[PDB]
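What follows is a set of notes on a single structure, which appears directly below.
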Amino acid sequence: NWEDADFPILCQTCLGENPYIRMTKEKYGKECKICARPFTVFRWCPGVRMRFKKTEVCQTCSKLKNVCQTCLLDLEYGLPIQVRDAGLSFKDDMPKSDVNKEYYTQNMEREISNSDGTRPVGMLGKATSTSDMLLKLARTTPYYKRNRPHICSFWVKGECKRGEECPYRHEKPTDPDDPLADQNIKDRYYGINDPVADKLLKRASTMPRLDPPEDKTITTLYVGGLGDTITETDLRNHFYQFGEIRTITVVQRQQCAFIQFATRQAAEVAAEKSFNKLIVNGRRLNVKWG
Amino acid sequence: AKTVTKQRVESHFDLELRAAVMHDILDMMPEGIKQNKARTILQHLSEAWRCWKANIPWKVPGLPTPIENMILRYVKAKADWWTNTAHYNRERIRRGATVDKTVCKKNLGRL
Amino acid sequence: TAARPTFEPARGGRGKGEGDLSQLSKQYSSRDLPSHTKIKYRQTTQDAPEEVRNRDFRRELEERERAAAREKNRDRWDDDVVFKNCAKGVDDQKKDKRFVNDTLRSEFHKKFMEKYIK
RNA sequence: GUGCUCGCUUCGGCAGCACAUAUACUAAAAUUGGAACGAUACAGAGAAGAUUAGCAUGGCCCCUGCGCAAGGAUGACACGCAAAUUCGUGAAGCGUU
RNA sequence: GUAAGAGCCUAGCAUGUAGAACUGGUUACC
RNA sequence: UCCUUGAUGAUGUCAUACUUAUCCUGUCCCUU
RNA sequence: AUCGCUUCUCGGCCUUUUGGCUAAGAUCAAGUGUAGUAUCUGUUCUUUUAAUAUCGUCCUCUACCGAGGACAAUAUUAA
Ligand SMILES: [Mg+2]
Ligand SMILES: [Mg+2]
Ligand SMILES: [Mg+2]
Ligand SMILES: [Zn+2]
Ligand SMILES: [Zn+2]
Ligand SMILES: [Zn+2]
């Protein structure tokens, strides 16, 4: 089918830093880079020195995979699709071969048009269960360096006869001796071998995490960074969630708090939930084993 | 959706006759029938039409009387269509109207 | 094989006007140009539904039936020759009133075969 | 940029005001893939012996045609060890409770 | 005995894309 | 531990016999 | 008698099987001679003259290069 929708699905670092945006709507302008069925192309200018970005994929190919239509990054977290599927499950399995892709597209678009038109169709129930490591490397500030005109290919040959009037950049292109420079559109879409996603998951592997007990059954918790502006009667209230809490040794001369629970399971938990995440009394509460 | 113009007419008639017979035998069989045996009744109907055209008396020794009566009914219907088409084309060939050469040979063969 | 029957038809819903107008083609027949772009309606004398609503049909039907039945009622030398009058009372023997539901034994078909084969 | 300022006030500059208010699928490109007959070898046109008109039917097969005309070999394909639910007799020989 | 692949077997017409992620921790009793 | 390389000749060809997208037919014998 | 294995006979499933239409769609016939292909049988290679065709130097033209002409024997076959 065609698509024919109003107001595209965009993030905030592609839609520009101006709250006042002019965009044009073309009814069936291009085809999708994934679906190859034609859609409504929206085209705007992000800012002042930017590139005139436009939407690349359908409303449907962004409903299936919860991304922005031009940068193909997540709407909520802003990370590549392979990273978000790595920090979640992968149960979409969109077909890549031709006839199966258009058949699956027709049927999932029928499922979309047999619904409200507001939610991620299959990604919702798995989007309830969230806040993995992907929340701990999500970019806080907008990356406005994407919205930036291409390298002038006449200036690379030293023949840019426009000079100062050329809107294209006179600066270095990136070295092709780089994994970060292949980057197919469909490889970035389907979550297959995206090198940006490789570097983000590698950064992710390094990152701090809750760990297992050195010895069996030990529910002893070695808590560093307590501080003397807190009270131990509240800890219990913020801890009871887990189960009956075993031993609760308290030391304020090192500001370390040792804890004990019935089962080791609960102690692992309290690490997991607790490690590099929990803060109470506006003060970070750091945890270790033994 | 192609139109039945002039060279599709007999093929469309004999396409629809088979379909009407198929619907009637799907409605005529009782509740515990294996729902096979449609092709054989269609072959009995084609053979009954050939035996009508050859003026051969058509009788199958063992056959259920609803199937036999329905085949006789539809063979009489195709007989009527065949004969009225022959009368119409013979009146056209007699008056000198625009006729094909193939309809002249077909009409001689029917007459 | 090649020569085979159908046993199922082709289904509709997958061409030129079926779901998305076959994704909005720019191809159109000469039979699809504007033509008879104005519905004619029944006037007051013809059989408009205002006039049909109050009418008692049974009395008028019985009157027309009576008039039709009344019309059908008011409508209705060599004496030495070896063979005598063979047709004595044959008053044309009304075969041309009979109608037969048989294309081989009809009267029209017997006239047809009498005319067209010598 | 132009004009008006009983603007400094000369014809030099400056000030004020008015009108005028957002082009570009942004490349003269770099790229990226799928594609021109047609030649190369092979390859040979359905209907139970042979020579043959054809009309259909079905759809992840198209071409020519403005065609809901008509052609494309009857346009091609279709040719299948065509197995879908669910069993019982009788004696006979051998071993067993 | 000619368009039917298949393949080849060499080509050619569409594209003016999206995208480049970097930051760190203490020890102590009978 | 039979030895253990950077590679421009090998099996044919001719003749005879048995079945066509060529070759020509519209055609006949034999005793009383 | 009952349970199990193996001969043997037989019943029921065996449409699991004839997958259209038209003027039974139509018609109903052959011999000889050559050429080509395939198969089978028999036996061969490597390690002088006649005919045809066309790198060096010199000259001219045009902008070291290109074209044109002339000259110097070469290749094939047979005894
Ligand atoms: Mg045709
Ligand atoms: Mg033919
Ligand atoms: Mg066809
Ligand atoms: Zn799409
Ligand atoms: Zn975006
Ligand atoms: Zn430039």
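Chains as they are written, first to last, in full-length UniProt numbering: chain G, 14 to 303; chain A, 669 to 779; chain S, 3 to 78, 188 to 229.
All C-beta atoms, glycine included, are put in the ideal place defined by N, C-alpha and C.
Suppose you measure from the CA of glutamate 759 (chain A) to the CA of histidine 220 (chain S); what does that come to, to the nearest Å? About 13 Å.
If we define contact as Cβ-Cβ less than 7 Å, is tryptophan 57 (chain G) a contact residue for chain S? Not flagged as an interface residue toward chain S: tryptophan 57 (chain G), since no C-beta distance is shorter than 7 Å.
How about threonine 83 (chain G): is its Cβ closer than 6 Å to a heavy atom in ligand 4? Flag unset: Cβ of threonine 83 (chain G) not near ligand 4.
Sequence-distant residues of the same chain with beta carbon closer than 8 Å to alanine 69 (chain S), five excluded per side: Nothing listed; no residue qualifies.
Does the region 109 to 127 of chain G come close enough to the region 161 to 174 of chain G that 3 or more CB-CB pairs lie under 8 Å? When C-beta atoms of the region 161 to 174 of chain G are compared with those of the region 109 to 127 of chain G, fewer than three pairs fall below 8 Å, so the two segments do not count as touching.
For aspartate 129 (chain G) and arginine 123 (chain G), I'd like the C-alpha separation in whole angstroms. In a straight line, the C-alpha of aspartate 129 (chain G) is about 12 Å away from that of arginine 123 (chain G).
Closest to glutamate 30 (chain G) by C-alpha separation, out of G:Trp57, G:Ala284, G:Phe52, would be which residue? Answer by Cα proximity: G:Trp57.
Quick one: Cα of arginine 6 (chain S) to Cα of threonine 753 (chain A), how far? Rounded to whole angstroms, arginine 6 (chain S) to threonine 753 (chain A) spans 26 Å at the Cα level.
Quick check on residue 12 (chain G) - is its C-beta less than 7 Å from some C-beta in chain S? The structure shown does not extend to residue 12 (chain G), since chain G is modelled only from 14 to 303, so the question has no answer here.
Let me see if you follow: with CB-CB separation under 7 Å, is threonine 214 (chain S) close to chain A or not? Closer than 7 Å to some Cβ of chain A, the Cβ of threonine 214 (chain S) qualifies, so yes.
Name the residue from A:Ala745, A:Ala669, A:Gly764, A:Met690 whose alpha carbon lies nearest to the alpha carbon of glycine 19 (chain S). Ranking the options by Cα distance to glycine 19 (chain S), first place goes to A:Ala669.
Okay, do the region 70 to 86 of chain G and the region 128 to 147 of chain G touch, 3+ Cβ pairs below 8 Å being the bar? Taking one beta carbon from each stretch, the region 70 to 86 of chain G and the region 128 to 147 of chain G have 3 or more pairs nearer than 8 Å; the two touch.
Short check: CB of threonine 233 (chain G) to CB of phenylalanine 274 (chain G), under 7 Å? For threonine 233 (chain G) and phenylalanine 274 (chain G), no; Cβs fall outside 7 Å.
Is any heavy atom in ligand 4 found nearer than 6 Å to the beta carbon of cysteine 27 (chain G)? It does not: the Cβ of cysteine 27 (chain G) is nowhere closer than 6 Å to a heavy atom of ligand 4.
Pull up the distance between the alpha-carbon of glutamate 67 (chain S) and that of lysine 42 (chain S), whole angstroms please. Going by the C-alpha atoms only, they are around 31 Å apart.
Could you have a look at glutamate 44 (chain G) and say whether DSSP puts it in helix, strand or coil? DSSP places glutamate 44 (chain G) in strand when its eight states are reduced to three.
Based on the DSSP output, what are the partners of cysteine 269 (chain G) in its beta bridges? G:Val264.
Residues in the region 21 to 50 of chain S having any Cβ partner in chain G nearer than 8 Å: Of all residues in the region 21 to 50 of chain S, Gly21, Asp22, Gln25, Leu26 have a Cβ within less than 8 Å of some Cβ in chain G.
C-alpha gap between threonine 751 (chain A) and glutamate 73 (chain S), whole angstroms: Across the structure, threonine 751 (chain A) and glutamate 73 (chain S) are spaced so that their CA atoms are roughly 36 Å apart.
Closest Cβ-Cβ distance between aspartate 692 (chain A) and chain S: below 7 Å? Under the Cβ criterion of 7 Å, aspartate 692 (chain A) is not counted among the residues facing chain S.
Going along the chain, which residues of the region 747 to 773 of chain A sit with their C-beta nearer than 7 Å to a C-beta in chain S? Per Cβ criterion, the list reads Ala747, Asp748, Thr751, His755, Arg758.
Rounded to whole angstroms, what is the Cα-Cα separation between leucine 685 (chain A) and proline 729 (chain A)? A straight-line Cα-Cα distance of about 25 Å links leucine 685 (chain A) and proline 729 (chain A).
Are the beta-carbon atoms of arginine 201 (chain G) and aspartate 195 (chain G) separated by less than 7 Å? No. Outside cutoff.
Is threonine 53 (chain G) near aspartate 17 (chain G), with beta carbons less than 7 Å apart? Taking 7 Å as the cut-off, the Cβ atoms of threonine 53 (chain G) and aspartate 17 (chain G) count as close.
Measure the CB-CB distance between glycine 17 (chain S) and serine 24 (chain S) and report whether it falls below 7 Å. Contact flag set, yes.
Could you give the residue range of the alpha helix (DSSP H) that holds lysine 774 (chain A)? 769 to 778 is the span of the alpha helix (DSSP H), which, as asked, contains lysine 774 (chain A).
For ligand 6, is there a heavy atom less than 6 Å away from the beta-carbon of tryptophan 168 (chain G)? The beta carbon of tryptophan 168 (chain G) sits closer than 6 Å to at least one heavy atom of ligand 6.
Alpha carbon to alpha carbon, how far is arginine 33 (chain S) from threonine 673 (chain A)? Near 15 Å, if we compare the C-alpha coordinates of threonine 673 (chain A) and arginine 33 (chain S).
Neighbourhood of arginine 182 (chain G) by C-beta distance below 8 Å, restricted to the same chain and skipping five residues each side: Sequence-distant Cβ neighbours of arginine 182 (chain G) in its own chain, meaning closer than 8 Å and more than five residues away, are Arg161, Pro162, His163, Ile164, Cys165.
Check the C-beta distance from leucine 298 (chain G) over to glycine 238 (chain G) and give it rounded, since I have them as a contact under 8 Å. Rounded, the Cβ-Cβ distance is 7 Å, consistent with contact.
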